[PDB]
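See below for the structure under consideration.
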Amino acid sequence: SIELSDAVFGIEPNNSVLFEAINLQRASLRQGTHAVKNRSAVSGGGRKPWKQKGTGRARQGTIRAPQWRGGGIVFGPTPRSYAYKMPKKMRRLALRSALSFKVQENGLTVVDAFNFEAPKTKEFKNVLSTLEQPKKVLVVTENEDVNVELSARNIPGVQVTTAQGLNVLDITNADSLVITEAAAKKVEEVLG
Amino acid sequence: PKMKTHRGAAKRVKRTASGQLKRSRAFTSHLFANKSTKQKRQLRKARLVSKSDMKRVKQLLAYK
Amino acid sequence: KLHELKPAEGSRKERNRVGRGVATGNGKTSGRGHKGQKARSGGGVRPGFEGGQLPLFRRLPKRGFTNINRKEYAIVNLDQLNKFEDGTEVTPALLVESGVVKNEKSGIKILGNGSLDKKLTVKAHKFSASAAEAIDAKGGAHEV
RNA sequence: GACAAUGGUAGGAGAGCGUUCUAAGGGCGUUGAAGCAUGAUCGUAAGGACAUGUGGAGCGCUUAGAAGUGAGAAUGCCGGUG
RNA sequence: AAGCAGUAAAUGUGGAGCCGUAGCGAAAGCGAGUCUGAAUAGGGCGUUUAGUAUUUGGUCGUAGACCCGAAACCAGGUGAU
RNA sequence: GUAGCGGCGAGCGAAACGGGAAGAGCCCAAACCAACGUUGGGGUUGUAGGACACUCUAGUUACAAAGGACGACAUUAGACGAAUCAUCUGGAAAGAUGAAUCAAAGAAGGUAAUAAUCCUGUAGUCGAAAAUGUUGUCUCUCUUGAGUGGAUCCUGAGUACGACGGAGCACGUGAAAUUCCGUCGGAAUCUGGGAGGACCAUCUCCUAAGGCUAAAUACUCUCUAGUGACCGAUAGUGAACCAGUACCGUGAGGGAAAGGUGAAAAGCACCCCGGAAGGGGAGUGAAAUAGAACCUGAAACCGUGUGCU
């Protein structure tokens, strides 16, 4: 009933670009927030403990040296960022690869409009069980559906997204995809 | 931060198409009565930096 | 799948760690050698040279000057003009638009490197002897 | 199947073991986890299992990711004991 | 790129700017050829004319830069029990 | 890391253009008029403005002039808030095995082991005596507008600028403009004055020597609500524990070590050896080689008894 051009949902996936996109997204939602103290930042240790020579002991300059107990750390963690970027043309080749791979293994379900008037988890649970859907499902619409997102969100294993919120991680983590005709048309028109 | 060019070296060489550097000759400032005509006429021509010298000063001129 | 991931063949390599035992091959001296200036923490001499013999970039003379009123022209050879339909008109506002000139430094200049095989009128800031002859050699017009 | 090569310091190149944390999948555990102790066990090496005692609550496996990632020596620092 | 929208995300949008497609000359300048030169006469550098963006590994530079160790210098204070 | 500066060595290092965030501009001195030098009015500029003489009427309390009554929110205590039973092992069930239920609530913490339905909670709603903050609606408080004429008058003086000695401009005195200080000299008045990197002429742009002004910007001693491929007691702040403390120095000042019974104290009634500490039974407890010097309990080192020598 619904025709979709083979440019999306009908290409051969690119595994290298998909791996790069997965690693990029997963690394870009990680914050540093870690720090240690070096020689200068540890409290005290200004004077020399004993004279350079004359007594039989190893020569020392401060009580906060790296080899003392309680001294400063050398070459430790320091706060930074882990995110990086890739060409725009490769960010879109990775997404079509995910959609095509999902289509390949019969994990695509085109349905009519979701007709919900009030949030209710049991109705959507029954709807999911009627359509024979797996444990992990991603459901895609065109705009923000309040009555669809309020329900279907306490069920462990279901997430809701729009057409311009699609992810490489959401598609790969999900086991099957359920979409609407308007959402499918928007996905086909936006991508390429 | 950013690397810094050698300002004294950028005043003495130019970059060619193949990537080499064109230089000027020494021993031409004064005291020309002590040099023969053949020497002074052949010191007007230009030369290129040798590969022995290139291995040492290539990083000093990277933006040039 | 997220539980079966594989980077492309030959795209990754493990870093080398020094000072981690003799079997690695970089154990004790960590590849530096024995008892020199280059074997200390903080490195050695400057990249050019320091001390010693007079450097090469000090025994050679300086040369030339720089003109502040310098003009550089974006060049288009005769081959790049074949993409246009025969009988069309070429203007500096359209070469930038169609994808021949990217940056207009100080005007457009036409150089005669290639074959034209067209009858198109082109107007630019400068022309060479070959560019103006070859353009007029098959029918056309030009202006400055 | 036939032949050939395989001593090695400075140093260059390649392939691997193990340790802590993260992701996905799949598992073990009061009918007893980690840790500790003993054993006549396995692999070419780094190393990996199993059985029995003690212990009383957490921990492995596969594929990827990231490092405060391996100690015998610095008249090294701290504690215990000759 | 900055910015804007977005869950401190992914990626939309954003074409100021950057590298390459053409060199030679101190410069004016000319241009597949230019400089020197009275003279392609000879000679030098070019005519290869496929790059560009992200990223794993090696090495370098600027930051203490593989770790520990001085004799000293300067600045402001505390001391005649 | 370009132009440039530099024992032209080491090294130092810009701006305009363009792309963005945010974005309101104004008040005085003088000419001149009225009063007893004074205070009022008039007046603020480069397409040249103003004075004089000619017809003449949007409250901006963050600059722009400064005192007050006038409804909605936010913060500071809180209240409601769905859904589970049975057997097995065990000291104890939340685990295993069967039957169910809720979900705009499957974040988290506790409860005798591992809980969406046991407890505090969560999603979602409800709520303010009284105090403070932020905003809006009248009241309230000020209020003079544009072109034509330019006879004549005004538009910031020991100021601008110069020489000498310094400094600052990316620019080390260099061909050094542009701008600041000390000393000594010292202008012009719209047919005026300044700038366009020594300097002169022509062109273009502007109008010094008085003052005021929100926003985009920097930081965190703090309060409230959260986050992490950050630490887990030689780590993390010096300090998880009565820590700037014991202690050390005349003084300024320097500076540690030290966490863990058990689910519940149920913290061993009573008998025996002894002066007591300590122990052997009996009891508590799932466990006492869990008995407060208490989870686990490695190596060095110290002992007792034994097969072969």
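Identifiers for the structure tokens are assigned positionally: chains receive A, B, ... in sequence, residues are indexed from 1 per chain, and ligands are indexed from 1 in the order shown.
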Q.
I need the contact residues of chain E against chain C, so if you could list those with any atom within 10 Å, counting only C-alpha atoms (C1' of nucleotides), and return them as a ChimeraX atom specification, that would help.
A. /E:21-22,26-28,30-32,55-58,60-61,64-67
Should the cut-off be 8 Å, what would the residue list for chain B against chain E look like, counting only C-alpha atoms (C1' of nucleotides), as a CSV table (one decimal) with N, CA and C atoms, in the first residue's frame?
```
chain,number,residue,atom,x,y,z
B,1,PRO,N,50.1,25.7,21.7
B,1,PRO,CA,49.2,26.4,20.7
B,1,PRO,C,49.7,26.3,19.3
B,2,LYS,N,49.5,27.4,18.5
B,2,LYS,CA,50.0,27.4,17.1
B,2,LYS,C,51.5,27.4,17.1
B,3,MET,N,52.1,26.7,16.1
B,3,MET,CA,53.5,26.8,15.9
B,3,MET,C,53.9,28.2,15.4
B,16,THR,N,59.2,26.4,-4.1
B,16,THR,CA,59.1,26.0,-5.5
B,16,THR,C,57.9,25.1,-5.6
B,17,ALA,N,57.6,24.7,-6.9
B,17,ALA,CA,56.4,23.9,-7.2
B,17,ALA,C,56.5,22.5,-6.6
B,46,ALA,N,71.5,31.3,-8.6
B,46,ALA,CA,70.8,30.8,-7.4
B,46,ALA,C,71.1,29.3,-7.3
```
Interface rows for chain F against chain B: nearest pair, Å to one decimal, 10 Å, only C-alpha atoms (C1' of nucleotides), as JSON lines:
```
{"residue": "F:1", "atom": "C1'", "partner": "B:4", "partner_atom": "CA", "distance": 5.6}
{"residue": "F:8", "atom": "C1'", "partner": "B:8", "partner_atom": "CA", "distance": 7.2}
{"residue": "F:9", "atom": "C1'", "partner": "B:8", "partner_atom": "CA", "distance": 9.2}
{"residue": "F:11", "atom": "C1'", "partner": "B:6", "partner_atom": "CA", "distance": 9.7}
```
Q) Counting only C-alpha atoms (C1' of nucleotides), what is within 12 Å of residue 179 (chain F), bar same-chain residues fewer than 4 positions away, as a list in words? A)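 After dropping sequence-adjacent residues, the list is residues 167, 168 and 169 of chain F.
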Could you write out that same residue set with N, CA, C and O atoms (P, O5', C5', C4', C3', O3' and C1' of nucleotides) as a PDB file, in the first residue's frame?
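Once everything was written out, this is part.pdb:
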```
ATOM      1  P     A F 167      61.961  55.043  28.487  1.00  0.00           P
ATOM      2  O5'   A F 167      60.391  54.799  28.619  1.00  0.00           O
ATOM      3  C5'   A F 167      59.794  54.592  29.891  1.00  0.00           C
ATOM      4  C4'   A F 167      58.308  54.874  29.884  1.00  0.00           C
ATOM      5  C3'   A F 167      57.456  54.042  28.944  1.00  0.00           C
ATOM      6  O3'   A F 167      57.198  52.740  29.433  1.00  0.00           O
ATOM      7  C1'   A F 167      56.787  56.308  28.827  1.00  0.00           C
ATOM      8  P     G F 168      56.996  51.516  28.412  1.00  0.00           P
ATOM      9  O5'   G F 168      55.575  51.796  27.749  1.00  0.00           O
ATOM     10  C5'   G F 168      54.402  51.876  28.544  1.00  0.00           C
ATOM     11  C4'   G F 168      53.226  52.383  27.749  1.00  0.00           C
ATOM     12  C3'   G F 168      52.849  51.571  26.523  1.00  0.00           C
ATOM     13  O3'   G F 168      52.083  50.421  26.842  1.00  0.00           O
ATOM     14  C1'   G F 168      52.869  53.871  25.974  1.00  0.00           C
ATOM     15  P     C F 169      51.967  49.212  25.791  1.00  0.00           P
ATOM     16  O5'   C F 169      50.990  49.775  24.665  1.00  0.00           O
ATOM     17  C5'   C F 169      51.197  49.475  23.292  1.00  0.00           C
ATOM     18  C4'   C F 169      50.497  50.469  22.399  1.00  0.00           C
ATOM     19  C3'   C F 169      50.338  50.066  20.944  1.00  0.00           C
ATOM     20  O3'   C F 169      49.250  49.180  20.742  1.00  0.00           O
ATOM     21  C1'   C F 169      51.087  52.307  21.071  1.00  0.00           C
TER      22        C F 169
END
```
Q: Considering only C-alpha atoms (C1' of nucleotides), return as a list in words whatever protein or nucleic-acid residues lie within 7 Å of residue 23 (chain B), sequence-local ones (same chain, fewer than 6 positions apart) excluded.
A: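 Counting only C-alpha atoms (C1' of nucleotides), the residues come to residues 12, 13, 46, 47, 48 and 49 of chain B.
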Output file for the residues above (N, CA, C and O atoms, as a PDB file, in the first residue's frame):
```pdb
ATOM      1  N   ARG B  12      64.850  34.506   3.590  1.00  0.00           N
ATOM      2  CA  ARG B  12      65.994  34.038   2.825  1.00  0.00           C
ATOM      3  C   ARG B  12      65.680  32.937   1.821  1.00  0.00           C
ATOM      4  O   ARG B  12      66.547  32.627   0.998  1.00  0.00           O
ATOM      5  N   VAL B  13      64.489  32.337   1.854  1.00  0.00           N
ATOM      6  CA  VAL B  13      64.144  31.236   0.964  1.00  0.00           C
ATOM      7  C   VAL B  13      62.765  31.476   0.360  1.00  0.00           C
ATOM      8  O   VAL B  13      61.988  32.307   0.829  1.00  0.00           O
ATOM      9  N   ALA B  46      71.495  31.338  -8.612  1.00  0.00           N
ATOM     10  CA  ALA B  46      70.830  30.834  -7.419  1.00  0.00           C
ATOM     11  C   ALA B  46      71.063  29.336  -7.259  1.00  0.00           C
ATOM     12  O   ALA B  46      71.535  28.650  -8.169  1.00  0.00           O
ATOM     13  N   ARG B  47      70.723  28.830  -6.074  1.00  0.00           N
ATOM     14  CA  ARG B  47      70.896  27.423  -5.741  1.00  0.00           C
ATOM     15  C   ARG B  47      69.676  26.940  -4.970  1.00  0.00           C
ATOM     16  O   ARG B  47      68.743  27.699  -4.698  1.00  0.00           O
ATOM     17  N   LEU B  48      69.690  25.658  -4.613  1.00  0.00           N
ATOM     18  CA  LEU B  48      68.640  25.046  -3.815  1.00  0.00           C
ATOM     19  C   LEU B  48      69.232  24.476  -2.534  1.00  0.00           C
ATOM     20  O   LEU B  48      70.410  24.108  -2.484  1.00  0.00           O
ATOM     21  N   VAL B  49      68.405  24.421  -1.489  1.00  0.00           N
ATOM     22  CA  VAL B  49      68.834  23.853  -0.217  1.00  0.00           C
ATOM     23  C   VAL B  49      69.052  22.355  -0.375  1.00  0.00           C
ATOM     24  O   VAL B  49      68.234  21.648  -0.979  1.00  0.00           O
TER      25      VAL B  49
END
```
Q.
Restricting the calculation to only C-alpha atoms (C1' of nucleotides): of F:65, F:287, F:170, F:30, which residue gets closest to residue 141 (chain F)?
A. F:65
How close does chain A get to chain E? List, as JSON lines, each residue of chain A within 12 Å, its nearest atom pair and the distance in Å to one decimal, counting only C-alpha atoms (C1' of nucleotides).
```
{"residue": "A:17", "atom": "CA", "partner": "E:54", "partner_atom": "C1'", "distance": 11.3}
{"residue": "A:20", "atom": "CA", "partner": "E:55", "partner_atom": "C1'", "distance": 9.3}
{"residue": "A:21", "atom": "CA", "partner": "E:10", "partner_atom": "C1'", "distance": 9.4}
{"residue": "A:22", "atom": "CA", "partner": "E:10", "partner_atom": "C1'", "distance": 9.7}
{"residue": "A:23", "atom": "CA", "partner": "E:10", "partner_atom": "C1'", "distance": 11.3}
{"residue": "A:24", "atom": "CA", "partner": "E:10", "partner_atom": "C1'", "distance": 8.9}
{"residue": "A:25", "atom": "CA", "partner": "E:10", "partner_atom": "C1'", "distance": 5.8}
{"residue": "A:26", "atom": "CA", "partner": "E:10", "partner_atom": "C1'", "distance": 8.8}
{"residue": "A:27", "atom": "CA", "partner": "E:9", "partner_atom": "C1'", "distance": 9.9}
{"residue": "A:28", "atom": "CA", "partner": "E:9", "partner_atom": "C1'", "distance": 7.0}
{"residue": "A:29", "atom": "CA", "partner": "E:9", "partner_atom": "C1'", "distance": 5.4}
{"residue": "A:30", "atom": "CA", "partner": "E:9", "partner_atom": "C1'", "distance": 9.0}
{"residue": "A:31", "atom": "CA", "partner": "E:8", "partner_atom": "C1'", "distance": 8.7}
{"residue": "A:32", "atom": "CA", "partner": "E:8", "partner_atom": "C1'", "distance": 11.7}
{"residue": "A:38", "atom": "CA", "partner": "E:64", "partner_atom": "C1'", "distance": 11.3}
{"residue": "A:39", "atom": "CA", "partner": "E:64", "partner_atom": "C1'", "distance": 10.6}
{"residue": "A:40", "atom": "CA", "partner": "E:64", "partner_atom": "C1'", "distance": 10.6}
{"residue": "A:48", "atom": "CA", "partner": "E:70", "partner_atom": "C1'", "distance": 11.5}
{"residue": "A:51", "atom": "CA", "partner": "E:70", "partner_atom": "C1'", "distance": 10.4}
{"residue": "A:52", "atom": "CA", "partner": "E:70", "partner_atom": "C1'", "distance": 7.5}
{"residue": "A:53", "atom": "CA", "partner": "E:70", "partner_atom": "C1'", "distance": 10.1}
{"residue": "A:58", "atom": "CA", "partner": "E:69", "partner_atom": "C1'", "distance": 9.1}
{"residue": "A:59", "atom": "CA", "partner": "E:69", "partner_atom": "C1'", "distance": 6.2}
{"residue": "A:60", "atom": "CA", "partner": "E:69", "partner_atom": "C1'", "distance": 6.7}
{"residue": "A:61", "atom": "CA", "partner": "E:69", "partner_atom": "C1'", "distance": 7.4}
{"residue": "A:62", "atom": "CA", "partner": "E:68", "partner_atom": "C1'", "distance": 10.5}
{"residue": "A:64", "atom": "CA", "partner": "E:68", "partner_atom": "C1'", "distance": 11.7}
{"residue": "A:65", "atom": "CA", "partner": "E:68", "partner_atom": "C1'", "distance": 8.1}
{"residue": "A:66", "atom": "CA", "partner": "E:67", "partner_atom": "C1'", "distance": 8.3}
{"residue": "A:67", "atom": "CA", "partner": "E:68", "partner_atom": "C1'", "distance": 8.2}
{"residue": "A:68", "atom": "CA", "partner": "E:68", "partner_atom": "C1'", "distance": 10.8}
{"residue": "A:73", "atom": "CA", "partner": "E:67", "partner_atom": "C1'", "distance": 11.4}
{"residue": "A:74", "atom": "CA", "partner": "E:67", "partner_atom": "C1'", "distance": 9.0}
{"residue": "A:75", "atom": "CA", "partner": "E:65", "partner_atom": "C1'", "distance": 10.0}
{"residue": "A:81", "atom": "CA", "partner": "E:8", "partner_atom": "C1'", "distance": 12.0}
{"residue": "A:83", "atom": "CA", "partner": "E:9", "partner_atom": "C1'", "distance": 10.4}
{"residue": "A:84", "atom": "CA", "partner": "E:54", "partner_atom": "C1'", "distance": 8.5}
{"residue": "A:85", "atom": "CA", "partner": "E:54", "partner_atom": "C1'", "distance": 6.7}
{"residue": "A:86", "atom": "CA", "partner": "E:54", "partner_atom": "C1'", "distance": 5.0}
{"residue": "A:87", "atom": "CA", "partner": "E:53", "partner_atom": "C1'", "distance": 6.3}
{"residue": "A:88", "atom": "CA", "partner": "E:11", "partner_atom": "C1'", "distance": 9.1}
{"residue": "A:89", "atom": "CA", "partner": "E:53", "partner_atom": "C1'", "distance": 10.4}
{"residue": "A:90", "atom": "CA", "partner": "E:54", "partner_atom": "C1'", "distance": 9.9}
{"residue": "A:91", "atom": "CA", "partner": "E:11", "partner_atom": "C1'", "distance": 8.1}
{"residue": "A:92", "atom": "CA", "partner": "E:11", "partner_atom": "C1'", "distance": 9.4}
{"residue": "A:95", "atom": "CA", "partner": "E:11", "partner_atom": "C1'", "distance": 10.9}
{"residue": "A:163", "atom": "CA", "partner": "E:12", "partner_atom": "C1'", "distance": 11.9}
{"residue": "A:164", "atom": "CA", "partner": "E:12", "partner_atom": "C1'", "distance": 8.2}
{"residue": "A:165", "atom": "CA", "partner": "E:10", "partner_atom": "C1'", "distance": 8.3}
{"residue": "A:166", "atom": "CA", "partner": "E:10", "partner_atom": "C1'", "distance": 8.3}
{"residue": "A:167", "atom": "CA", "partner": "E:10", "partner_atom": "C1'", "distance": 6.2}
{"residue": "A:168", "atom": "CA", "partner": "E:10", "partner_atom": "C1'", "distance": 7.9}
{"residue": "A:169", "atom": "CA", "partner": "E:10", "partner_atom": "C1'", "distance": 8.3}
{"residue": "A:170", "atom": "CA", "partner": "E:10", "partner_atom": "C1'", "distance": 9.7}
{"residue": "A:171", "atom": "CA", "partner": "E:10", "partner_atom": "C1'", "distance": 11.9}
{"residue": "A:190", "atom": "CA", "partner": "E:12", "partner_atom": "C1'", "distance": 10.6}
{"residue": "A:191", "atom": "CA", "partner": "E:12", "partner_atom": "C1'", "distance": 11.7}
```
Q | All residues 8 Å or closer to residue 2 (chain C), only C-alpha atoms (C1' of nucleotides), same chain fewer than 6 positions away omitted, as a ChimeraX atom specification | A | /A:172-173 /D:23-24
How about saving the chosen residues, N, CA and C atoms (P, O5', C5', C4', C3', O3' and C1' of nucleotides) kept, as a PDB file, in the first residue's frame?
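What follows is the written file result.pdb:
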```pdb
ATOM      1  N   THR A 172      19.777   0.847  16.232  1.00  0.00           N
ATOM      2  CA  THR A 172      20.575  -0.355  16.443  1.00  0.00           C
ATOM      3  C   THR A 172      20.208  -1.073  17.738  1.00  0.00           C
ATOM      4  N   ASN A 173      19.891  -0.331  18.802  1.00  0.00           N
ATOM      5  CA  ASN A 173      19.530  -0.969  20.066  1.00  0.00           C
ATOM      6  C   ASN A 173      18.151  -1.616  19.995  1.00  0.00           C
TER       7      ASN A 173
ATOM      8  P     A D  23      26.881   0.793  31.538  1.00  0.00           P
ATOM      9  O5'   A D  23      26.880   0.419  29.991  1.00  0.00           O
ATOM     10  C5'   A D  23      26.558   1.387  29.003  1.00  0.00           C
ATOM     11  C4'   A D  23      26.574   0.786  27.621  1.00  0.00           C
ATOM     12  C3'   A D  23      25.743  -0.473  27.439  1.00  0.00           C
ATOM     13  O3'   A D  23      24.378  -0.178  27.199  1.00  0.00           O
ATOM     14  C1'   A D  23      27.887  -0.771  26.466  1.00  0.00           C
ATOM     15  P     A D  24      23.226  -1.155  27.738  1.00  0.00           P
ATOM     16  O5'   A D  24      23.247  -2.368  26.706  1.00  0.00           O
ATOM     17  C5'   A D  24      22.932  -2.159  25.337  1.00  0.00           C
ATOM     18  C4'   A D  24      23.290  -3.351  24.486  1.00  0.00           C
ATOM     19  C3'   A D  24      22.825  -4.704  24.992  1.00  0.00           C
ATOM     20  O3'   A D  24      21.460  -4.963  24.721  1.00  0.00           O
ATOM     21  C1'   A D  24      25.077  -4.856  24.314  1.00  0.00           C
TER      22        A D  24
END
```
Q: Residues of chain A no more than 9 Å from chain F, counting only C-alpha atoms (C1' of nucleotides): send them over as a ChimeraX atom specification.
A: /A:30-35,42-44,69-70,119-122,147,150-151,154-156
For the residues selected in the previous step, produce a file with N, CA and C atoms as an mmCIF file, in the first residue's frame.
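File written: part-v4.cif
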```cif
data_model
loop_
_atom_site.group_PDB
_atom_site.id
_atom_site.type_symbol
_atom_site.label_atom_id
_atom_site.label_comp_id
_atom_site.auth_asym_id
_atom_site.auth_seq_id
_atom_site.Cartn_x
_atom_site.Cartn_y
_atom_site.Cartn_z
ATOM 1 N N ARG A 30 29.506 11.587 27.134
ATOM 2 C CA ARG A 30 30.305 11.203 28.294
ATOM 3 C C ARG A 30 31.041 12.441 28.787
ATOM 4 N N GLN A 31 30.856 12.788 30.057
ATOM 5 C CA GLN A 31 31.503 13.960 30.630
ATOM 6 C C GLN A 31 32.743 13.558 31.417
ATOM 7 N N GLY A 32 33.731 14.450 31.438
ATOM 8 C CA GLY A 32 34.966 14.156 32.140
ATOM 9 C C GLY A 32 34.830 14.167 33.648
ATOM 10 N N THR A 33 34.678 15.356 34.225
ATOM 11 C CA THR A 33 34.486 15.571 35.663
ATOM 12 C C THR A 33 35.336 14.623 36.518
ATOM 13 N N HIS A 34 36.653 14.719 36.341
ATOM 14 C CA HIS A 34 37.594 13.950 37.147
ATOM 15 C C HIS A 34 38.916 14.700 37.221
ATOM 16 N N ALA A 35 39.530 14.705 38.403
ATOM 17 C CA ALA A 35 40.759 15.461 38.596
ATOM 18 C C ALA A 35 41.543 14.897 39.771
ATOM 19 N N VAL A 42 48.919 20.161 46.183
ATOM 20 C CA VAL A 42 48.752 19.467 47.455
ATOM 21 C C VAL A 42 49.247 20.375 48.574
ATOM 22 N N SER A 43 48.548 20.340 49.709
ATOM 23 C CA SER A 43 48.721 21.331 50.767
ATOM 24 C C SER A 43 50.024 21.099 51.525
ATOM 25 N N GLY A 44 50.835 22.143 51.639
ATOM 26 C CA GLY A 44 52.075 22.090 52.386
ATOM 27 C C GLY A 44 53.291 21.822 51.522
ATOM 28 N N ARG A 69 54.335 9.171 50.946
ATOM 29 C CA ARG A 69 52.967 8.780 51.259
ATOM 30 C C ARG A 69 52.147 10.032 51.543
ATOM 31 N N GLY A 70 51.163 10.298 50.692
ATOM 32 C CA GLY A 70 50.383 11.510 50.776
ATOM 33 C C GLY A 70 50.824 12.628 49.861
ATOM 34 N N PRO A 119 -4.039 9.179 28.016
ATOM 35 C CA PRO A 119 -2.943 8.246 28.311
ATOM 36 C C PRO A 119 -3.457 7.018 29.050
ATOM 37 N N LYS A 120 -3.063 5.839 28.567
ATOM 38 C CA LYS A 120 -3.488 4.592 29.196
ATOM 39 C C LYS A 120 -2.504 3.505 28.781
ATOM 40 N N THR A 121 -1.789 2.939 29.756
ATOM 41 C CA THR A 121 -0.708 2.005 29.445
ATOM 42 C C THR A 121 -1.240 0.659 28.965
ATOM 43 N N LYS A 122 -2.359 0.197 29.531
ATOM 44 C CA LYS A 122 -2.864 -1.135 29.197
ATOM 45 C C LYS A 122 -3.319 -1.224 27.746
ATOM 46 N N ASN A 147 -0.382 12.098 23.813
ATOM 47 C CA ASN A 147 -1.133 10.947 24.300
ATOM 48 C C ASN A 147 -0.485 9.615 23.944
ATOM 49 N N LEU A 150 2.961 9.762 26.593
ATOM 50 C CA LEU A 150 2.675 9.625 28.019
ATOM 51 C C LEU A 150 2.514 8.160 28.406
ATOM 52 N N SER A 151 1.714 7.417 27.647
ATOM 53 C CA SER A 151 1.689 5.972 27.778
ATOM 54 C C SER A 151 2.866 5.387 27.004
ATOM 55 N N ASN A 154 6.277 3.758 30.398
ATOM 56 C CA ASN A 154 6.579 3.010 31.608
ATOM 57 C C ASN A 154 6.833 1.536 31.330
ATOM 58 N N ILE A 155 6.650 1.097 30.090
ATOM 59 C CA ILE A 155 6.892 -0.286 29.690
ATOM 60 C C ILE A 155 8.388 -0.463 29.466
ATOM 61 N N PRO A 156 9.050 -1.374 30.180
ATOM 62 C CA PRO A 156 10.503 -1.538 30.013
ATOM 63 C C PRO A 156 10.836 -2.146 28.657
#
```
Q: Run DSSP on the backbone of this structure and report the residues of region 19-124 of chain C it assigns to helix (DSSP H, G or I), as a count of residues only.
A: 11
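Comparing the minimum interatomic distances between chain C and each of B:28, B:64, B:15, B:45, counting only C-alpha atoms, we find that B:28 sits nearest.
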Q: Give as a list in words every residue of chain D that touches chain C within 7 Å, counting only C-alpha atoms (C1' of nucleotides).
A: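 Putting it all together, I get residues 10, 24, 25, 63 and 64 of chain D.
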Q | Distance query region 40-51 of chain D at most 12 Å, only C-alpha atoms (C1' of nucleotides), self and fewer than 4 positions along chain excluded, as a count of residues only | A | 7
